[PDB]
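Two separate entries follow, structure 1 and structure 2, each one form of the same protein chain as structure tokens.
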Structure 1
């Protein structure tokens, strides 16, 4: 029984210090996906220890170890939306705490909720978007389509189910008020990961950055939590070209699988999910320019030490422009054949 021994070690051996994981672990240059998957549960505990959440909130270590394993095991294995995505999004949250002094802008309990929301925010993803849920009349649409953010509601609900599994409630000693505040935060933060939501609140984020962040304004807290969540969710784009290239591979595999299922059902997939129509370079450029860059630009406006993130993201965009031409076949293909043209 793989999990029982894994739990034993994670509990009885002790929490390893962050620096023993990698000398560079707490820097924006680090690529969390470099960490072997078998070490990631220990890494989560190490990050929580280093942020001092274990002691500040008196988390029971047996309960925590079970919780982390249950969360990990609650991800499936589609090419992009898997445990390694949630681990890396969680790691970026840790980066922001380390590098940007969040405690000057947010309450402790808010930062904690953000991190625990990053762990849980794609739980049980099936490699399909919200609209596929509605078009295929899945069980999840039956439960949630009338409210919208179908997958995100499912993710949150899976988080709650893990919490109400016996031995997994890391918050069960909180006051009733703090318990309710944590669950409410997790709902808002995980819901914020639907990009439709982000697009709706984009102007309100702009406004906040114009007038300047007001720590006494409760709506500013909520808006910032959303922006930070989105920043963690897309943080793959703040690393190096190699990571970006690889990540695009995983996303388009996942997207194109969806499109293949849609074609089988008689539907026309959106362009970016149709392997016969998607022109990856112009799609990435558009995504980078019209969604990702403005996010990290806002983050830079609010936190001057976040400049390097924006610049990476702009640099990754230009790189796509630069390699775009390689998607045109010049000469013959490697095999020296034009057989591919009767296909």
Structure 2
């Protein structure tokens, strides 16, 4: 359960901004797997995506400040199996896919799309590989600061994002008007807080009604709800990839969750069944997660954007794959080597 922080540029300045097709001919496709990109190329890909969406030119972002900000955000992640920089990078890449494939500019303002992308980059900053309930249980300084207001980790992720903006030479919004600077902070706060599953559960009925009635671009609340839905669709986007990606991400998720369970046991507390390597049956847990959490989010996305149909179909297909592979997975927890390759 020990996950380290790497700390407390010239390559990016020389050729950090590349045409996205040079990264991969399939880079702007829903079939691209951003985890296939070497970690050392991810900062360049972030700048390339911001350039391709034209935010660097439109918002007059200083490229050296943007390169420093990207490197700070990357260094802001610890190394647990799942909640690491490669996860934030892949969530950011999905936001870019939504911009490139769906007609986002016809639903949201440019500033809202920009905040969604930056929020994707920052949304799990300084994650400890433990959930909100663990923060409360371990009586952590994060729980001491935020538990009374809800969403302990998410309030921390936003605080970490603000701390990077306040670091000398990293403020990518430095030249914005006081009104636009504040608008960015408010959007980042709302979007990052939307990543707490408890928040999604509380607003589900309202997202359901928005898709039922129809998206109204003149309704400010519809913009807020859509941003919440888009953010959760980016956070769960590993489930929209191929079966091999889904299988590997289950391995990473459960290695992280089971380490939390082991730590709770060492503290003399009984963990939730899903975090207990002695009780959890991964295929059943993943089928339930896909049915209750991921599939409804992508079905809502399909209802608002017809071009998103393939995402829901992929999630449903990955759910069916777990049922078919469960006959070969006869154990609780993970195998001795923590790998699901045998499936």
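In this text, rigid core is short for the largest set of C-alphas that superpose within 1.5 Å between two forms. Numbering follows the first chain given and starts at 1.
On a core-based superposition, does residue 23 travel 2 Å or more at its Cα between structures 1 and 2? Residue 23: C-alpha displaced by less than 2 Å between structures 1 and 2.
Core-aligned Cα shift of residue 327 between structures 1 and 2, given in Å: Displacement of the alpha carbon, after core fit: 1.8 Å.
Residue 14: CA movement between structures 1 and 2 [superposed on rigid core, Å]: Its C-alpha shift, to one decimal, is 4.7 Å.
In Å, how large is the C-alpha displacement of residue 336 between structures 1 and 2 after the rigid core is aligned? Shift of residue 336 at C-alpha, rigid core superposed: 20.1 Å.
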